[PDB]
Amino acid sequence: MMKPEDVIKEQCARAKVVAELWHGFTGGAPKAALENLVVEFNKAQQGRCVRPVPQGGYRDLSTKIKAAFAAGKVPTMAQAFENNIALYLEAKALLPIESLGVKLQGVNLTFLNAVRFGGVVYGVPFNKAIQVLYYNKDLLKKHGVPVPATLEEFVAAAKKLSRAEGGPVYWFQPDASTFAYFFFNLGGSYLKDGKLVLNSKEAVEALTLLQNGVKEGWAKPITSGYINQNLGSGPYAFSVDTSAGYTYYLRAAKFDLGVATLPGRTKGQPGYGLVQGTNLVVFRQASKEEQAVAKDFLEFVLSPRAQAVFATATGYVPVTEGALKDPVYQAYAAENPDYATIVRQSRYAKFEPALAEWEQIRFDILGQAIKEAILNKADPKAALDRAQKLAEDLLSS
Ligand SMILES: Nc1nc2c(ncn2[C@@H]2O[C@H](COP(=O)(O)O[C@H]3[C@@H](O)[C@H](n4ccc(=O)[nH]c4=O)O[C@@H]3CO)[C@H]3CC(O)(O)C[C@H]32)c(=O)[nH]1
Ligand SMILES: [Cl-]
Ligand SMILES: [Cl-]
């Protein structure tokens, strides 16, 4: 049956110039909203079009971009994390954005700062997400437990509900993204006078908090799929998870889903969330005509309506001031207090390091330590000491 990618295919077959955009959206609301955005853009051009090409997941995309370098042909544009941008700048692969003529006035300074390398912007914030606290409104009401506003209330609530339901009710992936929440909110930072450190006392404390949660019966490790693909077996109260998960949790949940700001050290402020999602980069190899399509496409992506529509469709955070003044954004915020909660959460935001090696480290070295500690009951300090050695050895090579 006809789909957006068929409309795009036809638009691009008729186009005189096609700028390929390589992305990591495997489906769901993110892929649909990317494709909707592109259809709209392509309609307004006269045979100057973007062609989205799915490369799989984010890791699959960065592997395929690496392979594209080695075959000597890259797309016009791709999604990239900040650390992927640092790696692409080692090959001088990327065009400065402002040079293209993309205006970045009114882009979230948090987002603009993350894509600025030696003071030059190399990425356009596109699909930016923040961690939020997903919760089961039914299950908290069932036991008279308030939505926890502090890490202390969160622990207390997880223990109270786990005892009542006979099962661990805080669900989490044993991964670098989850670790980041507890780490940042315990005072952790990864760079110590510019050196990457995985085994600082806050890192040990954060990984020890999670392991103790599993041993005390209040934290449930999710070993297989996303948290929202595990719902329905046993009691669920809480997860800390990307706002881009919103639509997946909504579809999956057989209970009344809640979205809250993250528990923090005090009721003064929500906790910091990890910023995830990606920026758009433009490859130097692209033709003049392909770069001009990239320019107009990046200008369209940053428009208030494109941002309003994309962010309300997905639970991504609008990247511009102007998006919050767009009536489409405003109507959705009015009907759904979760949009507003997600934006409010976007104000308390921390990033991972932008090192070229950070992808490999976060998955294969830090992610593996966290797994060893959570699933194989490794001593948290021992597991992070090893991670630090392996990280040091990788950087040295
Ligand atoms: N390659 C690479 N990946 C990185 C890096 N830093 C973090 N991440 C990954 O960004 C994902 C967050 O990005 P986000 O755009 O916020 O959310 C994603 C999906 O996570 C989420 N999703 C999809 C299906 C589903 O059933 N549930 C669901 O939540 O929807 C979005 C589009 O797929 C995390 C998840 C991870 O992939 O396990 C590892 C994390 C890096 O440096 N490099
Ligand atoms: Cl899908
Ligand atoms: Cl469910």
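First listed ligand is number 1; within each ligand, the first listed atom is number 1. Residues take their numbers from the sequence shown, with the count starting at 1.
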Verify the contact flag for atom 23 (C) of ligand 1, where contact means a protein heavy atom under 4.0 Å away. yes

Between the NZ atom in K215 and the CD1 atom in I374, the distance rounded to the nearest 0.5 Å is 9.5 Å

Nearest to atom 9 (C) of ligand 1, what protein heavy atom do you find, and at what distance? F81 CZ, 3.9 Å

Do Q55 side-chain atoms and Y58 backbone N/O form a donor-acceptor pair below 3.5 Å? no

Does the pair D241 and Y249 meet the rule for a side-chain hydrogen bond (donor to acceptor under 3.5 Å, both in side chains), with working shown? CA-CA 10 Å; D241 211 352; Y249 276 89; 2.5 Å; yes

Roughly how far apart are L198 CG and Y190 OH, rounded to 0.5 Å? 7.0 Å

If we check side chain to side chain contact (heavy atoms under 4.5 Å, CB included) with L390, which of these qualifies: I365, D364, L366? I365

What is the nearest protein non-hydrogen atom to atom 38 (O) of ligand 1, stated with its residue, atom name and distance? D175 OD2, 4.4 Å

Where do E392 and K195 land on the salt bridge (charged side-chain N to carboxylate O under 4.0 Å, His left out) test, with the steps shown first? CA-CA 9 Å; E392 279 168 0; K195 168 176 184 209; 2.9 Å; yes

Return the residue, atom name and 0.1 Å-rounded distance of the protein heavy atom closest to atom 13 (O) of ligand 1. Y58 CE1, 3.4 Å

Which residue supplies the protein heavy atom nearest to atom 16 (O) of ligand 1, what is that atom called, and how far is it? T242 OG1, 2.6 Å

Please report whether the ring centroid of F154 lies less than 6.0 Å from that of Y170. yes

Quick test of your reading of the model: are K3 and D6 salt-bridged, counting only N-O distances below 4.0 Å? no

Element-labelled atoms of ligand 1 that are located less than 4.0 Å from some non-hydrogen atom of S177: 40 (C)

Per-atom filter on ligand 1: closer than 4.0 angstrom to a heavy atom of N83 are 41 (C), 42 (O)

Would you compute the distance between atom CH2 of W358 and atom CG of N84 and round it to the nearest 0.5 angstrom? 13.0 Å

The protein heavy atom nearest to atom 26 (O) of ligand 1 is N228 ND2, 3.1 Å

Measure from atom 30 (O) of ligand 1 to the protein's non-hydrogen atoms and state whether any distance is below 4.0 Å. yes

Between the candidates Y316, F363, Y248, which shows the shortest non-hydrogen contact distance to atom 18 (C) of ligand 1? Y316

Number the atoms of ligand 1 from 1 as they appear, then name those within less than 4.0 Å of a heavy atom of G245, with their elements. 29 (O)

To the nearest 0.5 Å, how far apart are NZ in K16 and CD in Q46? 8.5 Å

How far is atom 2 (C) of ligand 1 from the closest protein heavy atom, and which atom is that? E359 OE2, 3.3 Å

To check your reading of the model: name the closest protein heavy atom to atom 17 (O) of ligand 1, its residue, and the distance in Å. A244 CB, 3.5 Å

Closest to atom 11 (C) of ligand 1 by heavy-atom distance, out of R251, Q276, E82, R362, is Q276

Calculate, to the nearest 0.5 Å, the distance between atoms CZ and CD1 belonging to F117 and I85 respectively. 5.0 Å

Just jot down the ligand 1 atoms closer than 4.0 angstrom to any heavy atom of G277, in number order. 13 (O), 14 (P), 15 (O), 16 (O)

When you measure from atom 20 (O) of ligand 1 to every protein heavy atom, which one gives the shortest distance, and what is it? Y226 CE2, 3.6 Å

Could you grab the distance from atom CD of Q131 to atom CD of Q276, nearest 0.5 Å is fine? 5.5 Å

For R59, the atoms of ligand 1 under 4.0 Å from one of its heavy atoms are 1 (N)

Atom indices of ligand 1 within 4.0 angstrom of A129 heavy atoms, with elements: 16 (O)

Please identify which atoms of ligand 1 are closer than 4.0 Å to at least one heavy atom of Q229. 26 (O)

